[PDB]
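Reading through the structure tokens given below for one structure.
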Amino acid sequence: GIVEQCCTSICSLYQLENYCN
Amino acid sequence: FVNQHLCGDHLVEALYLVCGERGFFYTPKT
């Protein structure tokens, strides 16, 4: 959901939602 | 906010910043 897409890659905040919720 | 390469700590900090009032399913954990 976040890690190798937004940390070790990039989709950050937009994505965050999708799991933080 | 810093919509690029944020990890582990900065990343959770962010998860919270984003849905910290919602739930907070930061696991992605061990």
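By order in the structure tokens, chains are A, B, ...; within a chain, residues start at 1; ligands start at 1, following the order shown.
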Selection: 7 Å around stretch 14-19 of chain B, only C-alpha atoms, excl. self and same-chain fewer than 2 positions, as a VMD selection string: (chain A and resid 13 16 to 17 20 to 21) or (chain B and resid 10 to 12 21 to 24 26)
What does the file look like for those residues with N, CA, C and O atoms, as a short mmCIF file (atom, residue, chain, number, x, y, z; two decimals), in the first residue's frame?
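The resulting file, result-v2.cif, is reproduced below:
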data_model
loop_
_atom_site.label_atom_id
_atom_site.label_comp_id
_atom_site.auth_asym_id
_atom_site.auth_seq_id
_atom_site.Cartn_x
_atom_site.Cartn_y
_atom_site.Cartn_z
N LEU A 13 1.01 10.71 -0.24
CA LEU A 13 -0.16 11.43 0.41
C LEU A 13 -1.41 10.94 -0.21
O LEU A 13 -2.33 10.49 0.44
N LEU A 16 -1.26 7.46 0.75
CA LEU A 16 -1.34 7.41 2.27
C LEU A 16 -2.77 7.17 2.73
O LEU A 16 -3.04 6.27 3.50
N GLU A 17 -3.64 8.00 2.21
CA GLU A 17 -5.11 7.92 2.53
C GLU A 17 -5.58 6.46 2.60
O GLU A 17 -5.92 5.90 3.63
N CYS A 20 -3.91 4.67 5.64
CA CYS A 20 -4.03 5.38 6.96
C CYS A 20 -5.46 5.35 7.54
O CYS A 20 -5.67 5.06 8.69
N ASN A 21 -6.38 5.65 6.69
CA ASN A 21 -7.85 5.68 7.04
C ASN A 21 -8.32 4.79 8.23
O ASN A 21 -9.25 5.13 8.94
N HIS B 10 8.95 9.05 8.83
CA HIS B 10 8.36 10.23 8.11
C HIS B 10 7.05 9.75 7.44
O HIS B 10 6.02 10.40 7.36
N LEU B 11 7.13 8.55 6.97
CA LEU B 11 5.99 7.87 6.29
C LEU B 11 4.87 7.68 7.34
O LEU B 11 3.74 8.06 7.09
N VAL B 12 5.13 7.11 8.48
CA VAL B 12 3.99 6.97 9.46
C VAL B 12 3.46 8.37 9.84
O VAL B 12 2.27 8.63 9.79
N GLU B 21 -7.04 11.15 12.31
CA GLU B 21 -8.39 11.41 12.92
C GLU B 21 -9.45 10.39 12.43
O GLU B 21 -10.56 10.31 12.92
N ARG B 22 -9.04 9.63 11.45
CA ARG B 22 -9.84 8.57 10.79
C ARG B 22 -9.80 7.19 11.48
O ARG B 22 -10.78 6.65 11.97
N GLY B 23 -8.61 6.69 11.45
CA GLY B 23 -8.26 5.34 12.05
C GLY B 23 -6.78 5.19 12.37
O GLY B 23 -6.42 5.13 13.53
N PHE B 24 -6.00 5.13 11.33
CA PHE B 24 -4.48 4.98 11.32
C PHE B 24 -3.98 3.51 11.13
O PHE B 24 -3.30 2.93 11.95
N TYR B 26 -1.48 1.89 9.99
CA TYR B 26 -0.03 1.89 9.58
C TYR B 26 0.70 0.49 9.63
O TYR B 26 1.81 0.32 10.12
#
Can you list, as a PyMOL selection string, every residue of chain A that DSSP puts in alpha helix (DSSP H)? chain A and resi 14-20
Which residues come within 10 Å of residue A:9, counting only C-alpha atoms, excluding same-chain residues fewer than 6 positions away, as a PyMOL selection string? (chain A and resi 2-3) or (chain B and resi 4-7)
